[PDB]
Every structure is written in structure tokens, then in C-alpha cells.
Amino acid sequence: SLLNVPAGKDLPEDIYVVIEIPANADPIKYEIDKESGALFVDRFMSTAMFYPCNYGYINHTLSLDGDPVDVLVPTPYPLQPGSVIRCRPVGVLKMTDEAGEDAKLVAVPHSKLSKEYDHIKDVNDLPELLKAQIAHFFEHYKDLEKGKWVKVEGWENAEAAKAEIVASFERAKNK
């Protein structure tokens, strides 16, 4: 099942993201269940916005908000929810919500799947427009959910991203 999926083939320059929400899709927020491994409708988003990239998580990891690391992956065409893409971290958007700080990484499809993302080695290689779009999306998607807020601090490099991967792995089962 989707639970039996490797965090990566070779952490952390080579990961597997499990996709929950496709780029440019209807505003349904899906999630994979811990016990079923099934795609659950987590929520119907209230703002009229869409994810600017495919949105998912790395299996066998844990952020300190009590969830796996979240990754945004851009692709030429939207991916099936519940499907897996081998990619390569290239940055992180650092933001804080309530309150367990909520960093989101950005990984691009691995060279084996496509060479279109080879010239993107680090966060600055991403277009400014897409970056502003991601930032703006996370600044606002929850605006119509009372008692929910997000402050976006900023972008950090691929090493920053890789760091969070290794960290959250190991915070990964242990306790």
C-alpha cells in the first residue's frame, strides 16, 4: 500500500513524494490515512484558490506539528492524487501557523523522469512568479477558516530542504 512506500531511494537528494492534491485542481484537500493508507477527503477548502504545484508528503518522516514533511512538486501536467513521484529537493518555504511551525519544501521531478528540471539546482532557479504564487497561496488559503493564520517567513536553499528531510526522518519512529 501507500504506507509501504520508501521515503526515498537515496536520501536526501533523491526522494519519493506521495501526492495528495494535484496542481490547479478542485479545492478538495485530500490526505492519506495512517491505518488504511487510503485517500481521505480531509477538507473542502473555503477560499477560491488552487495549489500552484502538486502537493504531498514524504513517507516515513515526521514534522514537529505531528505530520510527515510536506513537499510541493511542480510537473508539466497534474498528477493523480495518491500517486508517487521520485524527485529532488531544491528549497523550502518557511512559514508559521498555529503554532507548530509549518515549513513546506519544494522538490522537482528527478532527472530519470524528465530533464526539464535539471537546471533547477536551488531555490533561486525556480521562477519568481511560481515562488510568489506559492507564498501567496499559503498566505491566504486559510483566510476563511476562523482561528487559522499563516505568516510566511521566507525561502531557504536545497540544503535547508535536505536538512528538514533528514531531521524529520529520524524524528522518524524513534519515539
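Numbering starts at 1 and follows the sequence shown.
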>> Mean Cα B factor from the PDB record: higher for 163-171, or higher for 17-25?
In response: 163-171
> Averaged over C-alpha atoms, is the B-factor higher for 64-72 or for 41-49 in this PDB entry?
Replying inline: 64-72
>> Sorting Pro78, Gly100, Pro81, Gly91 by Cα temperature factor from the record, which one lands on top?
In response: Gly100
> For the listed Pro109, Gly56, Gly147, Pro127, which has the peak Cα B-factor recorded in the PDB entry?
Replying inline: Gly147
>> For the chain shown, is the CA B-factor of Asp143 in the lowest, middle or highest third of its modelled residues?
In response: lowest
>> Please say which third, lowest, middle or highest, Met95 falls into when its CA temperature factor is compared across its chain.
In response: highest
> By its CA B factor, does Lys115 count among the lowest, middle or highest third of the modelled residues in the chain?
Replying inline: highest
> By its CA B factor, does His136 count among the lowest, middle or highest third of the modelled residues in the chain?
Replying inline: lowest
